[PDB]
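Trainee: just to be clear, this is only the beginning of the complex, oriented as in the whole thing:
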Amino acid sequence: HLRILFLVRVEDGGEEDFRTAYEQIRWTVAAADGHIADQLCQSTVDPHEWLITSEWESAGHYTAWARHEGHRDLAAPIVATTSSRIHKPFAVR
């Protein structure tokens, strides 16, 4: 299994639009072959730091989803609502 950490920074007042951006992504991964779970989280220490994390049957299932059409209006709102974006892949042990 693959666990993705998508770590971002959201600027003041950006919660509403960032959450909407997450929900639109969530819509498309709920239907994705091999999607196991995903969550949107906010740091309890620095409220600017947020996490989108998901779990997949394999890295190949994630890549299939990422390589699907329509992500133009999925990535654009993420860029517009975040000031920093880090992607970290992990294998579940």
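Mentor: Yep, that arrived. Numbering: from 1, shown residues only, chains lettered A, B, ... in the order given.
Trainee: can you name the residues bridging to residue A:50?
Mentor: Listed by DSSP bridges, the beta-bridge partners for residue A:50 are residue A:8, residue A:42.
Trainee: pull the number of nearby residues for the residue lying closest to residue A:7 once chain neighbours are set aside.
Mentor: Residue nearest to residue A:7 in three dimensions, not counting chain neighbours: residue A:86, with 4.3 Å by Cβ to Cβ, 6 or more residues apart in numbering. Heads up, the C-betas are built off the backbone N, CA and C, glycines and all. The local packing of residue A:86 (other Cβ atoms under 10 Å) involves 10 other residues.
Trainee: tell me how far residue A:86 lies from residue A:52.
Mentor: 11 Å (Cβ to Cβ, to the nearest Å).
Trainee: how far off centre is the host helix or strand of residue A:17?
Mentor: Counting by DSSP states H and E, the element that carries residue A:17 is helix A:15-30. Offset of helix A:15-30 from its chain centre (Cα atoms, centre = their mean, to the nearest Å): 8 Å.
Trainee: quick one: contacts of that helix?
Mentor: Outside helix A:15-30, the residues that touch it by Cβ atoms under 8 Å, 6 or more residues apart in numbering are A:8, A:10, A:35, A:38, A:40, A:42, A:50, A:52, A:54, A:65, A:68, A:70, A:73-74, A:77-78, A:80-82.
Trainee: okay, chain B goes in next:
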Amino acid sequence: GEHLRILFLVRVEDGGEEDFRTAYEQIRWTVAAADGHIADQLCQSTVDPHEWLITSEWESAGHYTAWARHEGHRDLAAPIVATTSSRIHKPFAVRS
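Mentor: So that you can see how it sits with the rest, here is chain B on the chains above:
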């Protein structure tokens, strides 16, 4: 009301994986019946093999805090502390 997701991002030096995997099991034992503890997961970076992730989910931040603020708990990150060269503990509230 919102669940808490903890990210424990650690680095394990060459030769240390076996003792680290033992430490992960010997913290699962200590939270196995902790009020509000939901689940734990162990992950390893597929980019840098030295980077590992322990992630845990709790019913609420207050549940996790009551388990942490109790006295016999700092003798427990210590096996993780004693098997890793650096550590970063990041707690998150689950928003959706």
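Trainee: let's see the contacts of helix A:15-30 again after adding chain B.
Mentor: Residues outside helix A:15-30 that contact it (Cβ atoms under 8 Å, 6 or more residues apart in numbering or on different chains) are A:8, A:10, A:35, A:38, A:40, A:42, A:50, A:52, A:54, A:65, A:68, A:70, A:73-74, A:77-78, A:80-82, B:95-96.
Trainee: which ones among these lie within helices?
Mentor: A:65, A:73-74, A:77-78, A:80-81 (DSSP state H).
Trainee: in stretch A:4-15, what's buried?
Mentor: By neighbour count on 16 or more other Cβ atoms under 10 Å in any protein chain shown, the buried set for stretch A:4-15 is A:4-8, A:10, A:14-15.
Trainee: my bad, stretch A:64-83
Mentor: Buried residues in stretch A:64-83, counting neighbours by 16+ other Cβ under 10 Å, are found at A:65, A:77-78, A:81-82.
Trainee: quick one on the thing from earlier: which one among the ones in helices among the contacts of helix A:15-30 gets closest to chain B?
Mentor: Nearest to chain B among these: residue A:81, at 13.9 Å, using Cβ to the nearest Cβ.
Trainee: nearest residue to the closest one other than its sequence neighbours?
Mentor: Distances taken as Cβ to Cβ, 6 or more residues apart in numbering or on different chains place residue A:18 nearest to residue A:81, at 4.1 Å, with adjacent residues excluded.
Trainee: for the one you found, grab the count of nearby residues.
Mentor: 22 (other Cβ atoms under 10 Å in any protein chain shown).
Trainee: residue A:39: neighbouring residues, count only.
Mentor: Neighbours of residue A:39 using other Cβ under 10 Å come to 18.
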